[PDB]
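What follows is a set of notes on a single structure, which appears directly below.
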Amino acid sequence: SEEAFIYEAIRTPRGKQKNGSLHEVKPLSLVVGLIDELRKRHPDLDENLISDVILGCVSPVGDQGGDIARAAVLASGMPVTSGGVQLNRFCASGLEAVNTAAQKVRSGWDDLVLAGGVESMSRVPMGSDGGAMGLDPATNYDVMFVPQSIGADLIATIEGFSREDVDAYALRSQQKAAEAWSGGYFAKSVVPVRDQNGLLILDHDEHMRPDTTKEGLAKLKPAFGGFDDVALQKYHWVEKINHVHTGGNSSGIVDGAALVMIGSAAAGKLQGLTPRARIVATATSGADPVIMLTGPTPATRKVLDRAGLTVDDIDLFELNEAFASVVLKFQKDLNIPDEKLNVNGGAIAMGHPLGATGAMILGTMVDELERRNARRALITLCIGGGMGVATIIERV
Amino acid sequence: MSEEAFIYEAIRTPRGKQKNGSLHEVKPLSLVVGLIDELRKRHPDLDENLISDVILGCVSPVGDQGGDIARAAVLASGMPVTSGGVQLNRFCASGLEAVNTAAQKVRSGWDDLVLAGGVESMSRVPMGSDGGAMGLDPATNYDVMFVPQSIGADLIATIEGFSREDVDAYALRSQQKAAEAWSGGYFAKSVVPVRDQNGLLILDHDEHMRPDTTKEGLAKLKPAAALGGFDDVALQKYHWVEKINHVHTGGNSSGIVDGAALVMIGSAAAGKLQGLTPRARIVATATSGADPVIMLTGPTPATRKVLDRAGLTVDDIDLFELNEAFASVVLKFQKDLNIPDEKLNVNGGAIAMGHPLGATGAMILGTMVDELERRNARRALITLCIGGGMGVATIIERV
Amino acid sequence: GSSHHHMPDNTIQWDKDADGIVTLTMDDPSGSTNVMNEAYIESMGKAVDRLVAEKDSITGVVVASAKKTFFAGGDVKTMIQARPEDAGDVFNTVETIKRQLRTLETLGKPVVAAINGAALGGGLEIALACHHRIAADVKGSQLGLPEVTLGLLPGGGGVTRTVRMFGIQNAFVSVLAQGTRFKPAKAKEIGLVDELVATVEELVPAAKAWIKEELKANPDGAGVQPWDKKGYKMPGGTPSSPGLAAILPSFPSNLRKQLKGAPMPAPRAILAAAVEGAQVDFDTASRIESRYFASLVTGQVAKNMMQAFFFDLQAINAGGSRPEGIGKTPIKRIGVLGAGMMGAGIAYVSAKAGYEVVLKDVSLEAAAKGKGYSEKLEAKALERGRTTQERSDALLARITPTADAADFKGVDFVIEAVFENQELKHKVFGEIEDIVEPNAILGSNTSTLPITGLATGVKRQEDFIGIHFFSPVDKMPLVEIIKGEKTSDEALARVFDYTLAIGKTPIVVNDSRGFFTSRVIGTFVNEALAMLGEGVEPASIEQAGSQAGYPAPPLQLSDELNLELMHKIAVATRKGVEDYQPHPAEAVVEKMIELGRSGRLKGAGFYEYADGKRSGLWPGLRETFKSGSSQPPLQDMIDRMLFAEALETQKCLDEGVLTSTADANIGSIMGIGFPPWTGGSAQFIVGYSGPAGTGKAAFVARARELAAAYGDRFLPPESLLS
Ligand SMILES: OC[C@H]1O[C@H](O[C@H]2O[C@H](CO)[C@@H](O)[C@H](O)[C@H]2O)[C@H](O)[C@@H](O)[C@@H]1O
Ligand SMILES: OC[C@H]1O[C@H](O[C@H]2O[C@H](CO)[C@@H](O)[C@H](O)[C@H]2O)[C@H](O)[C@@H](O)[C@@H]1O
């Protein structure tokens, strides 16, 4: 019945992994800083009307364990009735938090919900949580576990994407991310991180290498425990895997956090909030977990059917740049026009904070739709384990 | 709001004890896969491709419980790759939160048939193994006034006036009503015995139960992670209380056990297409909270909020099911809302059978579906106290 | 750019010997002690660049001093002036300072510290950056990190390096949290220092010898700290280690228990900086330490504590309240009149300082239980090893407990500690004033009786003076010197020197009824009793007292002082004005007397007492005063106690009872236990921080908010109003 609307979508900058600016900032602090920015924009918001806080986190251990969402509620001084729950659906965890928030608002039993995610990969590296699929040999042997970097190379092998091809997308992401920054696209949505004294720590995406050239990308060496033989046991018609992915055409490992406010039209009207976009549809699907990164295509198909829409009805496509071939595969499958796809750069340039990316690229499209004065945007991410999450937003 | 969410199945494993427990040798993934395979046994012609998500609560999702154990269960059990799989953590309520979220997904309409529940193998992944900012980082620990739940529970008993005999009286009541339920076959259809890869039995009952508990034996116990200055910290906020009466022991507190629970939830159209019969309807859900120093008074406002949401009062509810974390928490809840005694944890609770952090919410949720059915009653209300001062409540109506 | 820098004199003398061992001798020519000031930072900047330029001809470094002390403290004149907007400069200064020390640390070659004297605060931070430390075991030499006592923290690598050496828990508990100072023997014992020598002249030779040996014996580990080695293991584990992670959530609660909930942000910041620093590499850790340091220096607590325990305290120790021009006069034989818990405590701290005491009472049975106070205390010190058996026997042998008045011959210092009665003192002083030495000091330990009135019971009124001690005398560090209008400036200065000779701090106070300490601590106690009579829960009153920063909650203190003594003071004040609107506490005092409960002396008071030990609040207390009927905010109770004393301290400054804000602060802090975070009951006015503002202006705002709710006694005097 109720319709779910996005009222705010902010994110911290993404600090790099080696000698990063954010490496000294606890991930809990990143979330609190975004909560305090929402307060700055809406000081007369009745926080008692925020019924939940839903954060994605792929590695909920160490500084990110013990339900980091509830910690953000108490540490930021929000009301104790504001809930707080962590969830983990791997790479899509950030968008999954937003989807769940919307679906909660549609059911009527929540009024105003904060959703997002946090990942300080320089403090909590991926894999810090362990996992059965990886460490238990009985079920590892049976689900044919293979790291995503190999699935991405396998994708490029089957589809015929050359090293030049994946590198050309990498160069394009750097160019489009740099042009968006210099164009002021990100001025209102990227909240600089400061310390307890107000001194600046980070106000831009450090992983960006905007002086990237096609020649420098070819100098890089590929990332390449016998996981190659495991993959080719299932994809038996493929003789050899072409290892095309390097650190220059793969998503950067960064720290960052993102926050989104979501509520009903009645909930927003009661708090003086102007809706910025409407959550039209969400869909979760999947594909083979050995190749692992082909989830976006069926998830995007499902959400277009569920919303009564087609590729022609979508103005902007944003797919998480986990690897170059993943985006190229998606672009080939659905015949996405090149000028509609990841228009402001993506994770290859700016970085991929696991628990937070979904809420970041979601907020990136709420901003770009308003700037271009466009209507719809489809947001998707490939997920570890063969999953796929897609979402359609409509500008208001 | 449009689609109505219905419970179609609600099973669980027996709870194995912490010391020399039968379940200590079973990976927490296998506890989940075992419940998935029972659901296949009950409905061999279920088109699993209509299961859009698998939502498992888990409070310490590390080691054997890390890496999104929900998705691991989906891949391990051989479910379709389109069936998703997500872990969540809202402390003690993660089991019921997974069920509420599944129901809310069905109500939005963008999901059709959802598996929900939780897993927690506390003998293999002790609580705290995940760490956390509210505890291990001194900057914010000093501010949120962190206090272990066992001390807020004693603070509750000190404020409301619950003596050591009062809390030991409830503990006896729980052990008794749990032993009565087990001998009367109340749990025969829902508690799924755990077996190994050969079909040999591992566990078929709640090992933590001490059905021969005596009121004199409970008075012999010694009061109870709590060895620092937490007593003085709590009374800094609760400054009108002079001394804290430590009434809680291992015989009136929730037991530490392994376990898992699964609940199948879908729309009216979803179950009809698959030939399932809806057993109960999710009437309303609510989360609230209270002070996190005395963090266990959450059930009271969350229950009031779900009654006003569903347009009901305390009188309309036939069965109340509150998680027996600490005996004082239940006595407070009963004192606050004037809950009739004959309608409270009527099959015993966690003090007798155990409290697998991630799975408890779905375990006691499934306990009330069977008791509503066995009594031919109409409405049950399930609530849990949550760490950090949160509260979660759910009303179900029998169909 | 990012350098070792940022007009001032050069501080470090450079000398490279024929072996390639550089001797950096710090000798700031602006004062007697090497300070971490803008001059030092520049000098150490140049020297570190030179160690790197001439790295080919340098095999080792030695850091020495040309002062009596090694290196002590920071530039407090600068740090007390940092505003919140200056946090950028503060962060850059401590990072520059630590960038220098870090470069010295990773020079690729051993660096040894030659600690000839006190290495305190910033000084010890320099030595912790070296790979080896050698200390000359000389008298008065101390080593520690006392930054927390000024409301600061060891911001020059102290927190980071001590945690690297000892682990989180041991570094916090032993060194950082209370800024404990160590004698060179104790320093080597805990790992702060590595080895000792007999005299200072051996230091640099022993250092250059240690460099020469280290290079040949340990060629790969020369100039490499334990934490810069691959495979380093933090003592007691890192916060990710499961053993430490099991007990780590209890460190902030244990600290909250020790500080009783008071607003001291320095120990909180130290524990945070330690734990977060132990989670990251050494360089990221030291930067976190910088941010927590700037977080303190720009705050108000640090400015209060820096004003009190540095500027105010040094102004007093330097003879600020001492009359100018007067000369010293030695003391040879003290005579204590009365063997109560005061006279016995006066006989102990007088003998612990090396003075020959004569302790008289009214009976040999009571004078022996009086000297036995010095024996039961010398037994606690021999059981814990703090004193030898030879110095504990020479201490008790300078005490002669008697009941006769003839054996008072040769006494050149009389400190009377008899009961609080004027004509009794006139009698006690009359029968000794002639058989003691003729021109000796005549001192009284009265707590309310005017010294002017007591001075008429002797002939030499110019040598009659108040010498007010506090119980327990062995542990309280203040001596309130009361100047009667007959007292001369010499007797003032002589008791001033007596106070500095027994290891206590003196304030000088003009004669007035109640003096400073008693009168002010009276308003503190009466505020709690009024609240109790207003129906507030006693548990909330004690919690408000403890959480305000006081060493003892008020109702607990109201038992130590007799409730009958308070009734007496109230009758006295009423007598004076009539020859006055009563304070609401005066009804509680008499009501408690009427019920027979009056404190520890009666075995029954606000608390209950079983065989001499305190045990719980009296259960009948809530029925008597209808406790619980009034439930004001805790902060209102906290401010009511703090503001009553602060307002009463301004009244004393207005009336000429006190002559300096230095005496008002140190007097309130060391005398009546005013919370240290306030910096003193006078600093509390100019440094109040609340919701509604900060400074003297906000103090008045909060004063009127309290006066509008609880009584006009909370109305500020005019001297606070512009
Ligand atoms: O526990 C969550 C709350 O933490 C803070 O409040 C605690 O600490 C305050 C400072 O002394 C107390 O006044 C308060 O009673 C404590 O609960 C924080 O200020 C709150 O906003 C949080 O909800
Ligand atoms: O036992 C090895 C088999 O691994 C794959 O099969 C799995 O496929 C999914 C996980 O990757 C799940 O449905 C389930 O764990 C298995 O069916 C592979 O597809 C098979 O060919 C292998 O025999």
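Residue numbering restarts at 1 in every chain; chains get A, B, ... in the order shown in the structure tokens, and ligands count up from 1 in that same order.
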Using only C-alpha atoms and all ligand atoms, which residues have at least one atom no more than 12 Å from ligand 1? Output them as a compact mmCIF listing (two decimals) with N, CA and C atoms, in the first residue's frame.
# COMPACT_ATOMS: atom_id res chain seq x y z
N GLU A 47 13.51 12.79 15.88
CA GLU A 47 14.22 11.52 15.75
C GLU A 47 13.45 10.36 16.36
N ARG A 70 23.28 -0.78 15.98
CA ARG A 70 22.82 -0.36 17.30
C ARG A 70 23.86 0.52 17.99
N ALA A 71 25.15 0.22 17.78
CA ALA A 71 26.20 1.07 18.34
C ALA A 71 26.12 2.48 17.79
N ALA A 72 25.78 2.63 16.51
CA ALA A 72 25.63 3.96 15.93
C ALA A 72 24.45 4.71 16.55
N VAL A 73 23.42 3.99 16.98
CA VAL A 73 22.25 4.64 17.56
C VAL A 73 22.59 5.19 18.94
N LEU A 74 23.25 4.38 19.77
CA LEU A 74 23.59 4.83 21.12
C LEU A 74 24.70 5.87 21.10
N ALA A 75 25.74 5.65 20.29
CA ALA A 75 26.88 6.55 20.30
C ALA A 75 26.52 7.92 19.73
N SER A 76 25.63 7.96 18.73
CA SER A 76 25.21 9.23 18.14
C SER A 76 24.15 9.94 18.96
N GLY A 77 23.66 9.34 20.04
CA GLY A 77 22.67 10.00 20.85
C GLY A 77 21.28 10.01 20.27
N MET A 78 20.99 9.13 19.31
CA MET A 78 19.64 8.96 18.81
C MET A 78 18.77 8.30 19.87
N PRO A 79 17.45 8.39 19.74
CA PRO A 79 16.57 7.75 20.73
C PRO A 79 16.81 6.25 20.79
N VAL A 80 16.60 5.69 21.98
CA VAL A 80 16.81 4.27 22.17
C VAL A 80 15.73 3.45 21.48
N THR A 81 14.62 4.08 21.10
CA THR A 81 13.55 3.39 20.38
C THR A 81 13.83 3.25 18.90
N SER A 82 15.01 3.67 18.44
CA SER A 82 15.34 3.72 17.02
C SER A 82 15.97 2.43 16.51
N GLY A 83 15.95 1.36 17.29
CA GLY A 83 16.37 0.07 16.78
C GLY A 83 17.83 0.05 16.38
N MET B 134 30.74 -1.14 20.96
CA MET B 134 30.16 -0.81 22.26
C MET B 134 30.90 -1.46 23.43
N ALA B 139 36.42 4.62 23.96
CA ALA B 139 35.86 5.96 23.77
C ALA B 139 34.34 5.94 23.87
N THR B 140 33.70 5.02 23.15
CA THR B 140 32.24 4.93 23.17
C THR B 140 31.71 4.03 24.29
N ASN B 141 32.50 3.05 24.73
CA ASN B 141 32.11 2.25 25.89
C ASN B 141 31.91 3.13 27.12
N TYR B 142 32.80 4.11 27.31
CA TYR B 142 32.70 5.05 28.42
C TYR B 142 31.44 5.91 28.33
N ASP B 143 30.86 6.04 27.15
CA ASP B 143 29.71 6.93 26.94
C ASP B 143 28.37 6.21 27.01
N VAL B 144 28.26 5.00 26.45
CA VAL B 144 26.98 4.31 26.36
C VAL B 144 26.72 3.62 27.69
N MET B 145 27.70 3.71 28.58
CA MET B 145 27.65 3.10 29.91
C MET B 145 27.38 1.61 29.80
N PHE B 146 28.27 0.91 29.08
CA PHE B 146 28.07 -0.51 28.84
C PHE B 146 28.03 -1.29 30.15
N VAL B 147 27.05 -2.17 30.26
CA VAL B 147 26.87 -3.01 31.44
C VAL B 147 26.35 -4.37 30.98
N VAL B 233 29.15 1.38 37.82
CA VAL B 233 28.78 2.13 36.62
C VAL B 233 27.27 2.27 36.52
N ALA B 234 26.55 1.17 36.74
CA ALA B 234 25.09 1.19 36.60
C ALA B 234 24.46 2.14 37.61
N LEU B 235 24.89 2.06 38.87
CA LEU B 235 24.34 2.93 39.91
C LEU B 235 24.74 4.39 39.73
N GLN B 236 25.69 4.68 38.84
CA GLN B 236 25.97 6.08 38.51
C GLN B 236 24.81 6.70 37.74
N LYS B 237 24.17 5.93 36.86
CA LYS B 237 22.96 6.42 36.22
C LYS B 237 21.75 6.25 37.12
N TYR B 238 21.64 5.09 37.77
CA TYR B 238 20.52 4.81 38.67
C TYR B 238 20.93 5.17 40.10
N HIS B 239 21.07 6.48 40.30
CA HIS B 239 21.72 7.01 41.49
C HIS B 239 20.83 6.95 42.73
N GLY B 289 12.32 0.36 22.40
CA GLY B 289 13.49 0.23 23.26
C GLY B 289 13.33 1.03 24.53
N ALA B 290 14.36 0.94 25.35
CA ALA B 290 14.40 1.65 26.62
C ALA B 290 15.86 1.90 26.98
N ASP B 291 16.12 2.24 28.24
CA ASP B 291 17.47 2.58 28.66
C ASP B 291 18.42 1.40 28.46
N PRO B 292 19.59 1.61 27.84
CA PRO B 292 20.51 0.49 27.59
C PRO B 292 21.42 0.12 28.76
N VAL B 293 21.45 0.91 29.83
CA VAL B 293 22.19 0.50 31.02
C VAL B 293 21.49 -0.69 31.68
N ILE B 294 20.19 -0.54 31.92
CA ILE B 294 19.33 -1.61 32.41
C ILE B 294 18.63 -2.21 31.19
N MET B 295 19.42 -2.79 30.29
CA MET B 295 19.02 -2.95 28.90
C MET B 295 17.87 -3.93 28.68
N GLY B 387 19.74 -6.94 23.79
CA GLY B 387 20.90 -6.20 24.25
C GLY B 387 20.98 -4.82 23.63
N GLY B 388 21.53 -3.88 24.39
CA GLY B 388 21.55 -2.49 24.02
C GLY B 388 20.27 -1.73 24.30
N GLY B 389 19.32 -2.35 24.99
CA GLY B 389 18.07 -1.70 25.33
C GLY B 389 17.01 -1.69 24.26
N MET B 390 16.95 -2.71 23.41
CA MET B 390 15.95 -2.77 22.35
C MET B 390 14.81 -3.71 22.74
N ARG C 256 35.79 4.14 35.25
CA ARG C 256 34.63 4.88 35.74
C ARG C 256 34.39 4.63 37.22
N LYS C 260 34.75 7.59 40.04
CA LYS C 260 33.45 7.80 40.66
C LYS C 260 32.49 8.59 39.78
N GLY C 261 32.69 8.58 38.47
CA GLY C 261 31.78 9.25 37.57
C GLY C 261 32.02 10.74 37.39
N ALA C 262 33.20 11.24 37.76
CA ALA C 262 33.50 12.67 37.69
C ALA C 262 33.94 13.07 36.29
N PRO C 263 33.76 14.35 35.93
CA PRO C 263 34.12 14.81 34.57
C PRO C 263 35.60 15.13 34.43
N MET C 264 36.44 14.09 34.50
CA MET C 264 37.85 14.23 34.16
C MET C 264 38.09 13.57 32.81
N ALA C 544 25.58 12.23 43.80
CA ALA C 544 25.89 13.57 43.33
C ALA C 544 27.21 14.06 43.91
N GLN C 547 29.99 11.98 42.11
CA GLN C 547 30.11 12.30 40.69
C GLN C 547 30.51 13.75 40.44
N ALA C 548 30.46 14.61 41.46
CA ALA C 548 30.93 15.98 41.31
C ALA C 548 32.45 16.08 41.34
N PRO C 633 17.04 17.17 39.21
CA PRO C 633 18.05 16.56 38.33
C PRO C 633 19.37 16.40 39.07
N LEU C 634 20.09 15.32 38.74
CA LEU C 634 21.36 15.06 39.40
C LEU C 634 22.32 16.23 39.22
N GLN C 635 22.36 16.81 38.01
CA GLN C 635 23.26 17.92 37.75
C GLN C 635 22.91 19.14 38.60
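In the backbone-derived DSSP annotation, strand (DSSP E or B) within segment 43-174 of chain A comprises residues 50, 51, 52, 53, 54, 55, 56, 62, 85, 86, 87, 88, 89, 91, 112, 113, 114, 115, 116, 117, 118, 119, 120 and 130 of chain A.
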Can you pull out every residue with an atom within 6 Å of ligand 2? Use only C-alpha atoms and all ligand atoms and format it as a compact mmCIF listing (two decimals) with N, CA and C atoms, in the first residue's frame.
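Final output, result25.txt:
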# COMPACT_ATOMS: atom_id res chain seq x y z
N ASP A 142 32.25 -28.93 -2.05
CA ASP A 142 30.96 -29.26 -2.66
C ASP A 142 30.29 -28.09 -3.36
N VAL A 143 30.63 -26.85 -3.01
CA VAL A 143 30.12 -25.69 -3.73
C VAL A 143 31.15 -25.13 -4.70
N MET A 144 32.27 -25.83 -4.89
CA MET A 144 33.34 -25.46 -5.82
C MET A 144 33.71 -23.99 -5.65
N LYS A 234 33.97 -27.26 -13.92
CA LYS A 234 32.56 -27.03 -14.22
C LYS A 234 32.37 -26.47 -15.62
N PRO A 289 27.13 -20.00 -8.87
CA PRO A 289 28.05 -19.41 -7.90
C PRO A 289 29.52 -19.66 -8.17
N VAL A 290 29.87 -20.50 -9.15
CA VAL A 290 31.28 -20.69 -9.48
C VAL A 290 31.79 -19.50 -10.27
N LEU B 75 23.41 -22.85 -0.60
CA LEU B 75 24.27 -23.60 -1.51
C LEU B 75 24.50 -25.02 -1.01
N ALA B 76 24.74 -25.19 0.29
CA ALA B 76 25.05 -26.51 0.82
C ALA B 76 23.87 -27.46 0.65
N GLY B 78 21.62 -27.53 -1.48
CA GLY B 78 21.23 -27.73 -2.86
C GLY B 78 20.03 -26.93 -3.31
N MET B 79 19.64 -25.88 -2.57
CA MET B 79 18.54 -25.03 -2.98
C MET B 79 18.90 -24.27 -4.26
Per residue of chain C within 7 Å of chain A, which atom pair is closest and at what distance in Å (one decimal), using only C-alpha atoms, listed by chain and increasing number, as CSV?
residue,atom,partner,partner_atom,distance
C:87,CA,A:197,CA,6.6
C:88,CA,A:199,CA,6.6
C:284,CA,A:24,CA,6.4
C:288,CA,A:24,CA,6.9
C:295,CA,A:197,CA,6.1
Closest contacts (segment 211-317 of chain B/segment 176-193 of chain B, max 9 Å, only C-alpha atoms) as JSON lines:
{"residue": "B:211", "atom": "CA", "partner": "B:179", "partner_atom": "CA", "distance": 5.7}
{"residue": "B:212", "atom": "CA", "partner": "B:176", "partner_atom": "CA", "distance": 8.3}
{"residue": "B:213", "atom": "CA", "partner": "B:176", "partner_atom": "CA", "distance": 8.1}
task = Within 7 Å of residue 207 of chain A, counting only C-alpha atoms, which residues show up once you throw out same-chain ones fewer than 5 positions away? Write them as a list in words, please.
result = residues 15, 16, 252, 349, 350 and 351 of chain A
